[PDB]
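Structure file entry11.txt (compact mmCIF, C-alpha atoms (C1' of nucleotides)) is printed below.
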```
# COMPACT_ATOMS: atom_id res chain seq x y z
CA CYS Q 104 43.75 -19.44 54.72
CA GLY Q 105 45.02 -16.01 55.72
CA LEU Q 106 46.54 -12.95 54.09
CA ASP Q 107 49.55 -12.55 56.41
CA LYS Q 108 51.10 -15.52 54.54
CA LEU Q 109 50.53 -14.07 51.06
CA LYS Q 110 52.84 -12.21 48.68
CA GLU Q 119 53.61 -3.32 45.62
CA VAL Q 120 56.64 -5.59 45.14
CA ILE Q 121 57.89 -6.03 41.58
CA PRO Q 122 56.60 -9.38 40.21
CA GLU Q 123 59.95 -10.96 39.30
CA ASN Q 124 62.67 -13.29 40.62
CA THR Q 125 60.47 -16.38 40.17
CA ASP Q 126 60.07 -19.00 37.45
CA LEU Q 127 56.82 -17.97 35.75
CA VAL Q 128 55.11 -18.03 32.36
CA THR Q 129 52.56 -15.21 32.21
CA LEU Q 130 55.09 -12.80 33.73
CA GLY Q 131 56.94 -12.79 30.41
CA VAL Q 132 53.82 -11.60 28.62
CA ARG Q 133 53.29 -9.11 31.44
CA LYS Q 134 56.77 -7.63 31.00
CA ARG Q 135 56.33 -7.54 27.22
CA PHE Q 136 53.08 -5.60 27.71
CA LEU Q 137 54.81 -3.25 30.17
CA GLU Q 138 57.51 -2.56 27.58
CA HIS Q 139 54.97 -2.04 24.80
CA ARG Q 140 53.22 0.41 27.13
CA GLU Q 141 56.39 2.33 28.01
CA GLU Q 142 57.03 2.57 24.26
CA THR Q 143 54.00 4.65 23.23
CA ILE Q 144 51.31 4.70 25.94
CA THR Q 145 52.06 7.72 28.10
CA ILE Q 146 50.57 7.71 31.60
CA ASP Q 147 47.29 5.98 32.52
CA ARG Q 148 44.83 7.17 29.88
CA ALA Q 149 43.36 6.57 26.41
CA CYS Q 150 41.16 3.94 28.11
CA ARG Q 151 37.84 5.48 27.10
CA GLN Q 152 35.71 2.34 26.82
CA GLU Q 153 37.47 0.90 29.87
CA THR Q 154 36.52 3.83 32.09
CA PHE Q 155 33.03 3.75 30.56
CA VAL Q 156 32.56 0.12 31.62
CA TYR Q 157 34.08 0.87 35.03
CA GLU Q 158 31.68 3.72 35.77
CA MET Q 159 28.63 1.96 34.32
CA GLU Q 160 29.37 -1.02 36.57
CA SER Q 161 30.03 1.13 39.64
CA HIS Q 162 26.74 3.00 39.13
CA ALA Q 163 24.97 -0.15 40.40
CA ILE Q 164 27.16 -0.90 43.45
CA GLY Q 165 25.27 -0.68 46.74
CA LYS Q 166 22.73 1.96 45.75
CA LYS Q 167 19.70 2.01 48.04
CA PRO Q 168 16.15 2.90 46.94
CA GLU Q 169 14.47 6.14 47.93
CA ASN Q 170 11.45 4.29 49.35
CA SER Q 171 11.55 1.24 51.60
CA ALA Q 172 8.93 -0.51 49.44
CA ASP Q 173 11.24 -0.46 46.39
CA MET Q 174 13.78 -2.91 47.83
CA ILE Q 175 14.43 -5.75 45.39
CA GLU Q 176 13.55 -9.08 46.98
CA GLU Q 177 16.17 -11.81 47.14
CA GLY Q 178 16.41 -14.11 44.14
CA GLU Q 179 15.00 -11.74 41.52
CA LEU Q 180 15.88 -12.70 37.95
CA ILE Q 181 18.30 -10.34 36.20
CA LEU Q 182 18.57 -10.79 32.43
CA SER Q 183 21.25 -9.26 30.20
CA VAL Q 184 19.96 -8.39 26.73
CA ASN Q 185 22.07 -6.98 23.90
CA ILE Q 186 20.32 -4.99 21.17
CA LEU Q 187 21.31 -4.39 17.54
CA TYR Q 188 19.16 -1.60 16.09
CA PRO Q 189 21.50 0.47 13.89
CA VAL Q 190 23.45 -0.10 10.69
CA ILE Q 191 25.88 2.82 11.21
CA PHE Q 192 28.95 1.10 12.66
CA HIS Q 193 31.76 -1.32 11.91
CA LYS Q 194 30.49 -4.29 10.12
CA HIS Q 195 34.20 -5.22 10.06
CA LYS Q 196 35.15 -5.00 13.75
CA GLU Q 197 33.66 -8.34 14.85
CA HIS Q 198 30.38 -6.46 15.36
CA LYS Q 199 29.94 -4.00 18.25
CA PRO Q 200 26.87 -2.04 17.05
CA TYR Q 201 24.73 -1.11 20.05
CA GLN Q 202 23.82 -0.92 23.74
CA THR Q 203 23.18 -3.74 26.23
CA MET Q 204 20.48 -3.63 28.94
CA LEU Q 205 19.66 -5.35 32.23
CA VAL Q 206 16.04 -6.23 33.04
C1' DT X 1 -89.27 -91.63 -7.81
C1' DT X 2 -88.78 -86.85 -6.00
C1' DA X 3 -87.10 -82.86 -3.16
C1' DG X 4 -82.63 -80.96 -1.39
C1' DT X 5 -77.91 -79.76 -2.59
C1' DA X 6 -73.44 -78.82 -4.99
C1' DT X 7 -71.31 -77.13 -9.34
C1' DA X 8 -70.19 -74.75 -13.27
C1' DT X 9 -72.44 -72.14 -16.83
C1' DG X 10 -72.15 -68.35 -19.25
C1' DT X 11 -73.22 -63.91 -17.87
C1' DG X 12 -73.08 -59.59 -16.02
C1' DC X 13 -71.71 -56.90 -12.94
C1' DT X 14 -67.64 -53.48 -10.81
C1' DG X 15 -63.76 -50.85 -10.85
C1' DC X 16 -59.17 -50.34 -12.94
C1' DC X 17 -56.15 -47.75 -13.82
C1' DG X 18 -54.63 -46.30 -17.90
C1' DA X 19 -54.99 -44.76 -23.35
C1' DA X 20 -55.26 -42.42 -26.81
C1' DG X 21 -55.73 -39.00 -27.57
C1' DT X 22 -57.18 -34.10 -27.39
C1' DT X 23 -56.57 -28.21 -26.36
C1' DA X 24 -57.88 -21.80 -31.12
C1' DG X 25 -55.14 -17.33 -34.68
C1' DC X 26 -49.53 -14.94 -37.67
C1' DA X 27 -43.86 -13.48 -37.97
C1' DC X 28 -39.63 -14.59 -36.32
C1' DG X 29 -36.61 -18.49 -35.81
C1' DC X 30 -14.01 -54.74 -24.41
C1' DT X 31 -11.45 -59.62 -24.56
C1' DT X 32 -8.87 -63.77 -26.21
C1' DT X 33 -5.52 -65.56 -29.54
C1' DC X 34 -4.58 -66.39 -33.59
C1' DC X 35 -1.94 -65.47 -36.95
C1' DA X 36 1.04 -64.41 -40.67
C1' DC X 37 3.11 -60.81 -42.89
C1' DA X 38 6.43 -57.98 -42.99
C1' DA X 39 9.21 -55.00 -39.98
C1' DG X 40 13.20 -54.65 -35.22
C1' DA X 41 17.90 -55.43 -35.12
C1' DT X 42 21.36 -56.18 -36.65
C1' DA X 43 27.85 -54.93 -39.40
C1' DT X 44 29.67 -50.19 -42.33
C1' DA X 45 32.19 -45.12 -44.68
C1' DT X 46 30.90 -41.18 -44.38
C1' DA X 47 32.08 -36.60 -45.20
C1' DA X 48 29.36 -32.89 -42.07
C1' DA X 49 27.94 -29.86 -37.65
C1' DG X 50 25.14 -29.47 -33.23
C1' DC X 51 24.38 -31.42 -28.96
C1' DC X 52 25.01 -33.30 -23.83
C1' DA X 53 27.71 -34.74 -20.19
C1' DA X 54 33.13 -35.28 -17.20
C1' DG X 55 37.64 -32.53 -16.45
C1' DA X 56 41.04 -28.56 -16.36
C1' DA X 57 41.89 -23.45 -16.18
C1' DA X 58 40.04 -18.72 -15.15
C1' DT X 59 38.30 -15.29 -13.27
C1' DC X 60 34.63 -13.13 -10.18
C1' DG X 61 33.27 -12.37 -5.14
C1' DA X 62 34.62 -11.25 -1.09
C1' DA X 63 36.74 -11.99 3.48
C1' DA X 64 40.58 -11.19 6.81
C1' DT X 65 44.54 -8.21 7.28
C1' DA X 66 47.80 -3.91 6.10
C1' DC X 67 47.79 1.65 5.07
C1' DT X 68 46.13 6.03 5.71
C1' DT X 69 42.73 9.50 8.19
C1' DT X 70 40.97 11.07 12.00
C1' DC X 71 39.76 12.63 15.71
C1' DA X 72 40.40 13.40 20.73
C1' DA X 73 43.24 13.98 24.70
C1' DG X 74 47.49 15.25 25.95
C1' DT X 75 52.12 17.34 25.62
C1' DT X 76 56.56 21.50 25.22
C1' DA X 77 55.66 26.23 25.12
```

Translate this structure into structure tokens?
Amino acid sequence: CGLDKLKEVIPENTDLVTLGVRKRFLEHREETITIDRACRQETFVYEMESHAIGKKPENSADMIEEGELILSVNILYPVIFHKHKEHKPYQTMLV
DNA sequence: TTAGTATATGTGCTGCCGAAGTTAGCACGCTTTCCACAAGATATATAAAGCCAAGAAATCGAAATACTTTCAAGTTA
């Protein structure tokens, strides 16, 4: 179980299944998507997840003890949104 | 035969609670059977329309996609 014996290189020249979908997506990207952008919500999620990576408290007494319950709670307050798009109305919190 | 005793003799006492009767003057005001006589419940046109419930077709309601708009960030300049 090492990395020196593990496959950067173009993922091709092997009998695969998902690689066909991957190449189709690459072609669809080269068609209209330009460089690496238009991923607004994607970068939002990325940064909002990185904001909580390895941040230490200002005081030593504010260290979260091991095993503390973290609960994810979505909230739907507003009516002003897409009732059509599967429903994505409002923010989600952690407590 | 006569004095002592038990009884009933009607009598006379006590309470016994109740009995009739009282309280003043106007103006307002259901069951068994048994029973018998006649009335369900019966075919049958019959024209007529209104009603009350299975089916068949129709269209309304709206849900999952297809167009256009719209930004917003990024391109040739």

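A straight line drawn from CA of residue 164 (chain Q) to CA of residue 205 (chain Q) is 14.2 Å long.
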
What are the residues of chain X lining chain Q at 12 Å or less? Count all atoms listed in the file, and put the answer as an MDAnalysis selection string.
chainID X and resid 63:65 72:75

Between CA of residue 202 (chain Q) and CA of residue 169 (chain Q), distance in Å (one decimal)
26.9 Å

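CA of residue 182 (chain Q) to CA of residue 152 (chain Q) spans 22.3 Å [interatomic distance, one decimal].
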
Identify, on the basis of all atoms listed in the file, every residue whose closest approach to residue 204 (chain Q) does not exceed 9 Å; exclude the query and any residue fewer than 3 positions from it along the same chain; express the result as a VMD selection string.
chain Q and resid 182 to 186

Please write the residues from the selection above to a file, keeping C-alpha atoms, as a CSV table (one decimal), in the frame of the given file.
```csv
chain,number,residue,atom,x,y,z
Q,182,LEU,CA,18.6,-10.8,32.4
Q,183,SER,CA,21.2,-9.3,30.2
Q,184,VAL,CA,20.0,-8.4,26.7
Q,185,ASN,CA,22.1,-7.0,23.9
Q,186,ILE,CA,20.3,-5.0,21.2
```
